[PDB]
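If you read the sequence from its start, that first residue is 1, and numbering goes on from there. As the structure lists them, so they are numbered: ligands from 1, and atoms in each ligand from 1.
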Amino acid sequence: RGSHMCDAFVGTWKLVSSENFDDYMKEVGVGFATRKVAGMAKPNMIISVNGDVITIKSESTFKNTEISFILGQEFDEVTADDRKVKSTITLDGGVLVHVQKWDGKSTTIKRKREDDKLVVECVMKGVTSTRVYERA
Ligand SMILES: CNc1ccc(Nc2ccccc2C(=O)O)c(-c2ccccc2)c1Cl
């Protein structure tokens, strides 16, 4: 297999900035204790591609999580805050667009390359949080 555009996401990433994440978690429905502990965390994100399968791992003092998926194909995901969601991830003009559905609710997580950073935008019902990662 040759190179793919999504190889731009591959690597080891560390959180360097976070904005409005507590308000995003509130809108998602995360409880007080989980919001406080999750808000302290500085995750490392490890992204790899093998054939059609993309794997995103998050390692932190709060939780270690991992998803593997094929673009456009729905999968089960247990989130760091212990939601059991149905997830679909697609590539839209270079942006990984991740929709999570649960309990009649929906949230969208976008992952984009900007300069040498990986920018994550989390959106729920008018509330956005921006989390910026740099290469580890
Ligand atoms: C609603 N709850 C919630 C939602 C998103 C989280 N994290 C991320 C998810 C996707 C892409 C990126 C991130 C990131 O963390 O940037 C976390 C979280 C996961 C691990 C540690 C801390 C928070 C939590 Cl709890």
Among protein heavy atoms, which sits nearest to [atom], and what does the distance come to when rounded to 0.1 Å?
atom	answer
atom 25 (Cl) of ligand 1	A38 CB, 3.6 Å
atom 9 (C) of ligand 1	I109 CD1, 4.1 Å
atom 18 (C) of ligand 1	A80 CB, 3.9 Å

Q.
Atom CG of residue position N64 - does it have more than 12 heavy atoms of other residues, nucleotides or ligands inside 6.0 Å?
A. yes
Q: Assess whether atom NZ of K42 is packed by more than 12 heavy atoms of other residues, nucleotides or ligands within 6.0 Å.
A: yes
Q) Does ligand 1 have an atom under 4.0 Å from some heavy atom of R83? A) yes
Q) Is the side chain of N20 donor-acceptor paired with the backbone N or O of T128 at a distance under 3.5 Å, no angle test? A)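 Yes.
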**Q.** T88 side chain to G72 backbone, donor-acceptor under 3.5 Å
**A.**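 Side chain of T88 to backbone of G72: no pair is present.
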Q) So among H98, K86, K101, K84, which one has a side-chain contact (heavy atoms from CB on, under 4.5 Å) with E77? A) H98
Q) Under 3.5 Å between some N or O of ligand 1 and some N or O of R111? A) no
Q) Is any N or O atom of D81, backbone or side chain, closer than 3.5 Å to an N or O atom of ligand 1? A) yes
Between [X] and ligand 1, find which residue part has any heavy-atom pair under 4.0 Å and reply side chain, backbone, both or neither.
X	answer
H98	neither
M45	neither
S60	side chain

Q. Should one rank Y133, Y24, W13, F62 by closest heavy-atom distance to atom 4 (C) of ligand 1, which comes out on top?
A.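 Considering heavy atoms of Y133, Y24, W13, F62, the nearest to atom 4 (C) of ligand 1 sits in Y24.
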Which ligand 1 atoms are under 4.0 Å away from a heavy-atom of [X]?
X	result
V30	1 (C), 2 (N)
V120	11 (C), 12 (C)
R131	14 (C), 15 (O), 16 (O)
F21	5 (C), 6 (C), 17 (C), 23 (C), 24 (C)

(Q) How close do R113 and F9 get, counting heavy atoms only, and between which atoms? (A) N-CE2, 4.1 Å
Q: Can you sort out the partners of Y133 under ring-ring contact (aromatic ring centres under 6.0 Å, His included), two or more places apart, ordered by chain and number?
A: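 Here no residue qualifies.
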Q: Could you list the residues that satisfy salt bridge (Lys or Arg N to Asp or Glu O under 4.0 Å) with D82, not counting sequence neighbours?
A: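 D82 satisfies salt bridge (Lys or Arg N to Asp or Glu O under 4.0 Å) with no other residue.
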Q | salt_bridge(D81, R83) N-O dist < 4.0 Å | A |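 Yes, this pair counts.
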